[PDB]
>>> print(open('entry_11.cif').read())   # mmCIF, C-alpha atoms and all ligand atoms
data_input
#
loop_
_atom_site.label_atom_id
_atom_site.label_comp_id
_atom_site.auth_asym_id
_atom_site.auth_seq_id
_atom_site.Cartn_x
_atom_site.Cartn_y
_atom_site.Cartn_z
CA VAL A 51 -18.87 -13.23 9.17
CA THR A 52 -15.60 -14.02 7.37
CA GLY A 53 -12.84 -12.03 5.73
CA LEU A 54 -11.04 -8.77 6.24
CA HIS A 55 -13.63 -6.01 6.39
CA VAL A 56 -14.24 -2.47 7.61
CA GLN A 57 -16.38 -1.51 10.59
CA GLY A 58 -16.47 1.70 12.63
CA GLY A 59 -13.54 3.05 10.60
CA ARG A 60 -11.32 0.08 11.53
CA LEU A 61 -9.88 -2.79 9.55
CA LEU A 62 -11.11 -5.99 11.20
CA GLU A 63 -10.38 -9.65 10.65
CA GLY A 64 -13.30 -12.03 10.11
CA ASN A 65 -13.29 -12.82 13.81
CA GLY A 66 -13.74 -9.13 14.64
CA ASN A 67 -10.18 -8.44 15.86
CA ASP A 68 -8.66 -5.08 14.97
CA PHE A 69 -5.79 -5.38 12.49
CA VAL A 70 -3.20 -2.62 12.18
CA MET A 71 -0.78 -3.04 9.28
CA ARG A 72 2.92 -2.80 10.17
CA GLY A 73 4.89 -3.80 7.12
CA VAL A 74 6.66 -2.96 3.91
CA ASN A 75 6.36 -2.92 0.13
CA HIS A 76 8.12 -5.58 -1.92
CA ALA A 77 8.74 -5.06 -5.66
CA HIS A 78 7.77 -8.59 -6.68
CA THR A 79 6.98 -7.78 -10.33
CA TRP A 80 10.51 -6.57 -11.06
CA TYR A 81 12.25 -9.12 -8.81
CA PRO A 82 10.72 -12.56 -9.41
CA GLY A 83 13.98 -14.19 -8.26
CA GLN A 84 13.94 -12.58 -4.80
CA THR A 85 11.81 -15.33 -3.36
CA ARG A 86 13.11 -15.12 0.19
CA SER A 87 11.98 -11.50 0.64
CA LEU A 88 8.64 -12.46 2.22
CA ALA A 89 10.22 -14.75 4.84
CA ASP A 90 12.88 -12.11 5.55
CA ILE A 91 10.27 -9.38 5.97
CA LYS A 92 8.28 -11.60 8.37
CA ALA A 93 11.42 -12.44 10.37
CA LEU A 94 11.99 -8.73 11.00
CA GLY A 95 8.50 -8.52 12.47
CA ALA A 96 6.23 -7.31 9.67
CA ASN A 97 2.62 -8.45 9.74
CA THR A 98 1.72 -7.26 6.20
CA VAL A 99 3.43 -6.99 2.83
CA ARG A 100 2.26 -4.84 -0.06
CA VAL A 101 3.18 -6.74 -3.22
CA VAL A 102 3.93 -4.86 -6.39
CA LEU A 103 2.18 -6.45 -9.40
CA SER A 104 1.88 -5.42 -13.01
CA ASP A 105 -1.31 -5.72 -15.06
CA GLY A 106 0.84 -5.76 -18.19
CA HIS A 107 0.02 -2.24 -19.35
CA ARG A 108 3.49 -0.82 -18.60
CA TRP A 109 5.47 -3.72 -17.15
CA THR A 110 5.17 -7.51 -17.45
CA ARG A 111 1.80 -8.94 -16.41
CA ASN A 112 1.76 -11.15 -13.33
CA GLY A 113 -0.46 -14.03 -14.42
CA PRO A 114 -2.93 -15.96 -12.27
CA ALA A 115 -0.49 -18.77 -11.37
CA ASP A 116 2.11 -16.29 -10.26
CA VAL A 117 -0.42 -14.35 -8.17
CA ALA A 118 -1.75 -17.59 -6.62
CA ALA A 119 1.86 -18.41 -5.66
CA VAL A 120 2.42 -14.96 -4.13
CA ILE A 121 -0.72 -15.31 -2.05
CA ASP A 122 0.26 -18.77 -0.87
CA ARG A 123 3.76 -17.54 0.02
CA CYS A 124 2.28 -14.65 2.06
CA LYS A 125 0.10 -17.14 3.95
CA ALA A 126 3.11 -19.48 4.43
CA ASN A 127 4.91 -16.57 6.11
CA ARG A 128 1.90 -15.54 8.20
CA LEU A 129 1.62 -12.17 6.40
CA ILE A 130 -1.48 -10.25 5.33
CA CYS A 131 -1.11 -9.51 1.61
CA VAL A 132 -1.92 -6.20 -0.07
CA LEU A 133 -1.79 -6.76 -3.87
CA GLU A 134 -1.40 -3.62 -6.00
CA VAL A 135 -1.19 -2.84 -9.72
CA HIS A 136 1.74 -0.47 -10.24
CA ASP A 137 1.03 0.36 -13.89
CA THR A 138 -1.42 3.16 -13.08
CA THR A 139 1.30 5.29 -11.42
CA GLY A 140 1.20 8.96 -12.43
CA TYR A 141 -1.63 8.74 -14.98
CA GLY A 142 -2.08 11.95 -16.97
CA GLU A 143 1.54 12.94 -16.38
CA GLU A 144 3.57 9.73 -16.85
CA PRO A 145 3.01 8.85 -20.54
CA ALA A 146 3.35 5.09 -19.99
CA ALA A 147 0.69 4.92 -17.25
CA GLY A 148 -2.36 2.71 -17.43
CA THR A 149 -5.94 3.36 -16.40
CA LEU A 150 -7.88 2.22 -13.38
CA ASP A 151 -10.32 0.50 -15.74
CA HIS A 152 -7.47 -1.52 -17.25
CA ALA A 153 -6.39 -2.44 -13.71
CA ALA A 154 -9.96 -3.41 -12.86
CA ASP A 155 -10.11 -5.83 -15.84
CA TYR A 156 -6.92 -7.41 -14.52
CA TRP A 157 -8.32 -7.88 -11.03
CA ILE A 158 -11.43 -9.48 -12.54
CA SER A 159 -9.17 -11.89 -14.45
CA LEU A 160 -7.58 -12.85 -11.11
CA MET A 161 -10.83 -13.61 -9.32
CA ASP A 162 -10.45 -17.40 -9.56
CA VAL A 163 -7.08 -17.18 -7.72
CA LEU A 164 -8.35 -14.49 -5.29
CA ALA A 165 -11.34 -16.66 -4.38
CA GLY A 166 -11.36 -17.92 -0.81
CA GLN A 167 -8.55 -15.58 0.18
CA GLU A 168 -10.61 -12.70 1.70
CA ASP A 169 -9.06 -13.40 5.15
CA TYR A 170 -5.60 -12.70 3.71
CA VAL A 171 -5.69 -10.46 0.64
CA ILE A 172 -6.59 -6.82 0.13
CA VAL A 173 -6.92 -5.47 -3.41
CA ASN A 174 -5.28 -2.05 -3.93
CA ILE A 175 -6.81 -1.13 -7.26
CA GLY A 176 -3.96 0.90 -8.69
CA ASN A 177 -0.82 2.52 -7.32
CA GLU A 178 -0.75 6.31 -7.17
CA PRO A 179 -3.08 6.28 -10.15
CA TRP A 180 -3.01 9.95 -11.10
CA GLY A 181 -0.22 12.46 -11.53
CA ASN A 182 -0.27 16.17 -10.77
CA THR A 183 -2.22 17.21 -13.86
CA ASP A 184 -5.97 17.69 -13.24
CA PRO A 185 -6.09 15.61 -10.03
CA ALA A 186 -9.85 16.32 -9.75
CA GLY A 187 -10.16 13.90 -12.68
CA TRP A 188 -9.17 11.03 -10.36
CA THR A 189 -12.55 10.71 -8.63
CA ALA A 190 -14.80 9.48 -11.42
CA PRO A 191 -12.57 6.64 -12.62
CA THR A 192 -11.83 5.60 -9.03
CA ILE A 193 -15.56 5.38 -8.29
CA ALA A 194 -16.15 3.55 -11.57
CA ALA A 195 -13.44 0.99 -10.80
CA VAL A 196 -14.86 0.34 -7.29
CA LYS A 197 -18.35 -0.18 -8.69
CA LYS A 198 -17.04 -2.40 -11.47
CA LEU A 199 -15.12 -4.70 -9.12
CA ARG A 200 -18.10 -5.02 -6.77
CA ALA A 201 -20.46 -5.69 -9.69
CA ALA A 202 -18.09 -8.48 -10.80
CA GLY A 203 -18.51 -10.12 -7.38
CA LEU A 204 -15.19 -9.28 -5.75
CA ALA A 205 -15.63 -9.40 -1.97
CA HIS A 206 -12.13 -8.58 -0.75
CA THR A 207 -11.46 -5.40 1.15
CA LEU A 208 -10.36 -2.74 -1.36
CA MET A 209 -7.64 -0.15 -0.98
CA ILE A 210 -7.74 3.21 -2.81
CA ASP A 211 -4.65 5.37 -3.65
CA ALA A 212 -4.74 9.15 -4.14
CA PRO A 213 -3.93 11.48 -7.09
CA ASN A 214 -0.86 13.79 -7.07
CA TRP A 215 1.14 10.56 -7.28
CA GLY A 216 -0.48 9.23 -4.11
CA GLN A 217 0.48 12.20 -1.90
CA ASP A 218 -2.87 13.99 -2.48
CA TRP A 219 -1.30 17.40 -2.06
CA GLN A 220 -4.22 19.19 -3.78
CA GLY A 221 -6.55 17.42 -1.32
CA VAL A 222 -8.82 15.69 -3.86
CA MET A 223 -8.97 12.27 -2.20
CA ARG A 224 -9.38 13.97 1.19
CA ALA A 225 -12.29 16.06 -0.14
CA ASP A 226 -13.96 13.32 -2.19
CA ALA A 227 -13.39 10.34 0.14
CA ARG A 228 -16.95 10.11 1.41
CA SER A 229 -18.28 9.81 -2.15
CA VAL A 230 -15.67 7.13 -2.99
CA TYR A 231 -16.41 5.21 0.19
CA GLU A 232 -20.14 5.27 -0.61
CA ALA A 233 -19.45 3.75 -4.04
CA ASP A 234 -18.61 0.49 -2.27
CA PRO A 235 -21.96 -1.12 -1.33
CA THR A 236 -20.14 -3.41 1.10
CA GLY A 237 -18.29 -0.65 2.95
CA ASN A 238 -15.11 -2.73 2.82
CA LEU A 239 -12.83 -0.07 1.44
CA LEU A 240 -9.66 1.51 2.81
CA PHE A 241 -8.07 4.76 1.75
CA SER A 242 -4.32 4.88 1.41
CA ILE A 243 -2.17 8.00 1.61
CA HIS A 244 1.46 7.92 0.46
CA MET A 245 3.77 10.21 2.39
CA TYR A 246 6.99 11.51 0.86
CA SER A 247 8.38 15.07 0.78
CA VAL A 248 4.95 16.77 0.79
CA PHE A 249 4.75 15.50 4.35
CA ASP A 250 7.80 17.30 5.68
CA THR A 251 6.20 18.93 8.74
CA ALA A 252 4.47 17.26 11.63
CA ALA A 253 1.26 19.31 11.26
CA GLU A 254 0.83 18.20 7.63
CA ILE A 255 0.98 14.55 8.72
CA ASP A 256 -1.20 14.93 11.82
CA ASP A 257 -3.82 17.05 10.06
CA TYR A 258 -4.11 14.69 7.08
CA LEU A 259 -4.45 11.52 9.15
CA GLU A 260 -6.84 13.16 11.61
CA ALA A 261 -9.06 14.42 8.76
CA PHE A 262 -9.88 10.81 7.87
CA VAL A 263 -10.06 9.53 11.47
CA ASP A 264 -12.36 12.39 12.53
CA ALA A 265 -14.61 11.70 9.50
CA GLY A 266 -14.95 8.06 10.43
CA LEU A 267 -13.11 6.90 7.32
CA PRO A 268 -10.46 4.20 7.36
CA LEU A 269 -6.93 5.18 6.27
CA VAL A 270 -3.56 3.49 5.97
CA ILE A 271 -0.19 4.91 4.96
CA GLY A 272 0.33 2.39 2.15
CA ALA A 273 3.75 3.69 1.06
CA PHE A 274 6.02 6.25 2.70
CA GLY A 275 9.60 7.41 2.72
CA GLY A 276 12.10 9.04 5.02
CA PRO A 277 15.38 10.06 3.37
CA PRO A 278 15.31 13.47 1.62
CA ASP A 279 14.67 13.70 -2.09
CA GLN A 280 14.77 16.55 -4.56
CA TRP A 281 11.52 18.01 -3.20
CA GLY A 282 12.21 17.98 0.53
CA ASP A 283 12.65 15.85 3.62
CA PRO A 284 9.82 13.50 4.62
CA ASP A 285 9.20 13.59 8.38
CA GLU A 286 9.04 9.83 8.94
CA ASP A 287 9.37 10.21 12.74
CA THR A 288 5.99 11.95 12.85
CA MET A 289 4.49 9.45 10.34
CA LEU A 290 5.41 6.55 12.63
CA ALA A 291 4.39 8.31 15.83
CA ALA A 292 1.07 9.54 14.47
CA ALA A 293 0.25 6.15 12.94
CA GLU A 294 0.89 4.58 16.32
CA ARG A 295 -1.11 7.24 18.20
CA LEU A 296 -4.11 6.79 15.89
CA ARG A 297 -3.39 3.03 15.37
CA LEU A 298 -3.48 3.35 11.59
CA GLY A 299 -1.65 0.90 9.33
CA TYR A 300 1.60 1.76 7.56
CA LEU A 301 3.73 0.09 4.90
CA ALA A 302 7.26 1.50 4.27
CA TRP A 303 8.65 1.89 0.76
CA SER A 304 10.47 -0.48 0.09
CA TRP A 305 12.24 -3.74 0.94
CA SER A 306 14.99 -3.56 -1.70
CA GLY A 307 15.73 -3.00 -5.36
CA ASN A 308 14.90 0.65 -6.04
CA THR A 309 16.71 2.05 -9.10
CA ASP A 310 17.92 4.73 -6.69
CA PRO A 311 18.80 2.67 -3.62
CA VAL A 312 18.10 5.56 -1.19
CA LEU A 313 14.70 4.01 -0.28
CA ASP A 314 15.99 0.41 0.04
CA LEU A 315 15.27 -0.76 3.60
CA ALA A 316 17.61 -3.77 3.02
CA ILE A 317 20.76 -3.52 0.90
CA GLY A 318 20.88 -6.07 -1.91
CA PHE A 319 17.88 -7.92 -0.47
CA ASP A 320 20.03 -8.94 2.53
CA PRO A 321 17.90 -8.72 5.71
CA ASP A 322 21.01 -8.52 7.91
CA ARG A 323 22.23 -5.46 5.99
CA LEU A 324 19.68 -2.77 6.72
CA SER A 325 20.30 0.80 5.51
CA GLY A 326 19.84 3.66 7.98
CA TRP A 327 16.28 3.87 6.58
CA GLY A 328 15.69 0.14 7.16
CA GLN A 329 17.05 0.36 10.73
CA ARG A 330 14.73 3.29 11.48
CA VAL A 331 11.66 1.49 10.13
CA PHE A 332 12.32 -1.95 11.59
CA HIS A 333 14.19 -1.18 14.81
CA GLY A 334 13.38 2.44 15.72
CA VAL A 335 10.78 4.01 18.00
CA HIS A 336 7.22 3.29 16.77
CA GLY A 337 8.75 1.01 14.16
CA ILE A 338 7.81 -2.50 13.05
CA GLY A 339 9.71 -4.47 15.70
CA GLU A 340 8.09 -2.37 18.44
CA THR A 341 4.53 -2.17 17.21
CA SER A 342 3.68 -5.00 14.77
CA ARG A 343 1.25 -7.69 15.89
CA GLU A 344 0.63 -10.81 13.76
CA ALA A 345 -2.84 -11.16 12.24
CA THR A 346 -4.91 -13.41 14.52
CA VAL A 347 -6.35 -15.45 11.64
CA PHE A 348 -3.00 -17.33 11.66
CA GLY A 349 -3.44 -18.51 15.25
CA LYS A 350 -0.83 -18.90 17.96
CA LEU A 351 2.47 -20.05 16.41
CA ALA A 352 3.69 -23.35 17.91
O1 LIG B 1 15.89 -2.76 -16.96
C1 LIG B 1 16.23 -4.10 -16.57
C2 LIG B 1 16.06 -4.22 -15.06
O2 LIG B 1 14.72 -3.85 -14.72
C3 LIG B 1 14.54 -3.81 -13.31
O3 LIG B 1 13.21 -3.39 -12.94
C4 LIG B 1 13.08 -1.97 -12.84
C5 LIG B 1 11.71 -1.63 -13.39
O4 LIG B 1 11.65 -1.92 -14.80
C6 LIG B 1 11.31 -0.18 -13.13
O5 LIG B 1 12.10 0.72 -13.93
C7 LIG B 1 11.49 0.16 -11.65
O6 LIG B 1 11.23 1.56 -11.43
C8 LIG B 1 10.73 1.76 -10.10
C9 LIG B 1 11.83 2.25 -9.16
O7 LIG B 1 12.82 1.23 -8.99
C10 LIG B 1 11.24 2.61 -7.80
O8 LIG B 1 10.99 1.41 -7.06
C11 LIG B 1 9.95 3.44 -7.86
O9 LIG B 1 9.35 3.44 -6.54
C12 LIG B 1 8.58 4.63 -6.29
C13 LIG B 1 7.21 4.22 -5.71
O10 LIG B 1 6.14 4.36 -6.65
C14 LIG B 1 6.87 5.09 -4.50
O11 LIG B 1 5.52 4.91 -4.05
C15 LIG B 1 7.17 6.55 -4.84
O12 LIG B 1 6.51 6.95 -6.06
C16 LIG B 1 6.89 8.30 -6.38
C17 LIG B 1 7.20 8.46 -7.87
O13 LIG B 1 8.26 7.57 -8.25
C18 LIG B 1 7.56 9.91 -8.21
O14 LIG B 1 8.86 10.23 -7.68
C19 LIG B 1 6.54 10.93 -7.66
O15 LIG B 1 7.06 12.27 -7.75
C20 LIG B 1 6.08 13.31 -7.59
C21 LIG B 1 5.84 13.66 -6.12
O16 LIG B 1 4.93 12.71 -5.56
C22 LIG B 1 5.17 15.01 -5.93
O17 LIG B 1 3.80 14.94 -6.35
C23 LIG B 1 5.82 16.11 -6.74
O18 LIG B 1 4.94 17.23 -6.59
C24 LIG B 1 5.67 18.45 -6.46
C25 LIG B 1 5.50 19.21 -7.77
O19 LIG B 1 6.26 18.56 -8.79
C26 LIG B 1 5.96 20.66 -7.63
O20 LIG B 1 7.38 20.68 -7.49
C27 LIG B 1 5.31 21.30 -6.41
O21 LIG B 1 5.77 22.65 -6.24
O22 LIG B 1 5.64 20.53 -5.24
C28 LIG B 1 5.06 19.23 -5.31
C29 LIG B 1 5.22 18.52 -3.96
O23 LIG B 1 6.56 18.04 -3.77
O24 LIG B 1 5.95 15.72 -8.10
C30 LIG B 1 6.65 14.50 -8.34
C31 LIG B 1 6.59 14.21 -9.84
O25 LIG B 1 7.30 15.23 -10.54
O26 LIG B 1 6.25 10.63 -6.29
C32 LIG B 1 5.76 9.30 -6.10
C33 LIG B 1 5.19 9.22 -4.70
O27 LIG B 1 4.38 10.38 -4.49
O28 LIG B 1 8.58 6.73 -5.00
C34 LIG B 1 9.33 5.56 -5.32
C35 LIG B 1 10.67 6.06 -5.85
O29 LIG B 1 10.46 6.80 -7.06
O30 LIG B 1 9.05 2.91 -8.84
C36 LIG B 1 9.64 2.82 -10.14
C37 LIG B 1 8.57 2.49 -11.17
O31 LIG B 1 7.50 3.44 -11.07
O32 LIG B 1 12.83 -0.16 -11.25
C38 LIG B 1 13.16 -1.54 -11.38
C39 LIG B 1 14.53 -1.75 -10.73
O33 LIG B 1 15.50 -0.93 -11.39
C40 LIG B 1 14.77 -5.20 -12.71
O34 LIG B 1 13.75 -6.08 -13.19
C41 LIG B 1 16.15 -5.72 -13.07
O35 LIG B 1 16.29 -7.08 -12.62
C42 LIG B 1 16.37 -5.63 -14.57
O36 LIG B 1 17.74 -5.94 -14.87
CA CA B 2 4.99 20.31 3.13
CA CA B 3 13.46 12.26 6.75
#
>>> encode(input="entry_11.cif", output="structure tokens")
Amino acid sequence: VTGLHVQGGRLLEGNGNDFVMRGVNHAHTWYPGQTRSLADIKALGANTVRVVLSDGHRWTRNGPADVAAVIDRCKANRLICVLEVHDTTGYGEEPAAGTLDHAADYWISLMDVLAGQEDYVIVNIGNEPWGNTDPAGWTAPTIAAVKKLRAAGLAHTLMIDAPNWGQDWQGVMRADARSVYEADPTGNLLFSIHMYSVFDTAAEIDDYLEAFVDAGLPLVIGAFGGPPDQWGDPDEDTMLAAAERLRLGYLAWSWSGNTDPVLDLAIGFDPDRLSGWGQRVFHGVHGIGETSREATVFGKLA
């Protein structure tokens, strides 16, 4: 038995040890020059980074050599690597958005560089791959993309984002999760909820996470916020506490470089200059410094 995989609703390393993501998102595709971000993120205690890629539909395609380099750099910094295609974001509502099938073709094109990296790399098929229009339409192409990647021979653990821009507020991923999970013959599939202003009360967070846990289905919070936006105030204190209580993975949005800097954890990619949001995530109660454990595949650091 090798590779990251799912068993009993838990993400396990090849050696069977439970792995709970404690990390952040890094916007690699828009910031190719910010090479030190991965080392900086590791130094602040993260055990996982979610790396923003483009499949070229909307932004500039990250080619195989670039992706190979990203994977190697994650391994060099003793980080588990969640790769994700951002171009799918908001499909049906964002005009520029790409399809999950287009993302799937891109992943298949990367299989030579993904090969042998199942201990380190999780494939998040497409970011937030449906908007708020007809979110029930998300299920069929998500299932099709899962089946297509498995048919192509991809063995990595998969990660699945929800419609309603990843916040699933109409409950489609929650309702249809069992059918999506069953589309993966290997069972190595994670669901990912994104929590922004929909998740502005503790009960919304607890009930959502517990719905997956109580169903036996694996869930991570693959992107989440904290500072208020135009739709409300995300309750990040409950996100962090509930994720620790249930020992579910989380990945804060984002290291640095947002067009609106309100969600930058670090200001200007400087790890010593954390925003209030960055301080909360890295140094606060139930945060990364407190609760992140390195993946055991890397061994005991000298
Ligand atoms: O130009 C040269 C320059 O380029 C630079 O690169 C730039 C890139 O080209 C690109 O423009 C990039 O843009 C980024 C941006 O910087 C951010 O990083 C952004 O991060 C997102 C991320 O995806 C998060 O996961 C999350 O995603 C958000 C969406 O962004 C969006 O806000 C959406 O909103 C939903 C919401 O989720 C909810 O459903 C709500 O429902 C409402 C509903 O509308 C009703 O009101 C109802 O009553 O209530 C419900 C419930 O509230 O609807 C809204 C939609 O209307 O939410 C999702 C999460 O759910 O947020 C992050 C912040 O947005 O991604 C962008 C790309 O997608 O920026 C680059 C930097 O500028 C560099 O290369 C530079 O060097 C170069 O010079
Ligand atoms: Ca709410
Ligand atoms: Ca908040």
>>> residues_near_ligand(input="entry_11.cif", ligand="ligand CA 3 (chain B)", cutoff="7 Å", atoms="all atoms listed in the file", output="ChimeraX atom specification")
/A:276-278,283-286
>>> closest_atom_pairs(input="entry_11.cif", of="chain A", to="ligand CA 2 (chain B)", cutoff="12 Å", atoms="only C-alpha atoms and all ligand atoms", output="Markdown table")
| residue | atom | partner | partner_atom | distance |
| --- | --- | --- | --- | --- |
| A:217 | CA | B:CA2 | CA | 10.6 |
| A:218 | CA | B:CA2 | CA | 11.5 |
| A:219 | CA | B:CA2 | CA | 8.7 |
| A:220 | CA | B:CA2 | CA | 11.6 |
| A:245 | CA | B:CA2 | CA | 10.2 |
| A:246 | CA | B:CA2 | CA | 9.3 |
| A:247 | CA | B:CA2 | CA | 6.7 |
| A:248 | CA | B:CA2 | CA | 4.2 |
| A:249 | CA | B:CA2 | CA | 5.0 |
| A:250 | CA | B:CA2 | CA | 4.8 |
| A:251 | CA | B:CA2 | CA | 5.9 |
| A:252 | CA | B:CA2 | CA | 9.0 |
| A:253 | CA | B:CA2 | CA | 9.0 |
| A:254 | CA | B:CA2 | CA | 6.5 |
| A:255 | CA | B:CA2 | CA | 9.0 |
| A:256 | CA | B:CA2 | CA | 11.9 |
| A:257 | CA | B:CA2 | CA | 11.7 |
| A:258 | CA | B:CA2 | CA | 11.4 |
| A:281 | CA | B:CA2 | CA | 9.4 |
| A:282 | CA | B:CA2 | CA | 8.0 |
| A:283 | CA | B:CA2 | CA | 8.9 |
| A:284 | CA | B:CA2 | CA | 8.5 |
| A:285 | CA | B:CA2 | CA | 9.5 |
>>> residues_near_ligand(input="entry_11.cif", ligand="ligand LIG 1 (chain B)", cutoff="8 Å", atoms="all atoms listed in the file", output="PyMOL selection string")
chain A and resi 77+79-81+109+136-137+139-140+177-178+181-182+214-219+244-248+273-275+281-282+303-304+307-310+313
>>> atom_distance(input="entry_11.cif", atom1="atom CA of residue 125 of chain A", atom2="atom CA of residue 292 of chain A")
28.7 Å
>>> closest_residue(input="entry_11.cif", among="A:158, A:222, A:99, A:126", to="residue 187 of chain A", atoms="all atoms listed in the file")
A:222
>>> closest_residue(input="entry_11.cif", among="A:68, A:143, A:155, A:90", to="residue 123 of chain A", atoms="all atoms listed in the file")
A:90
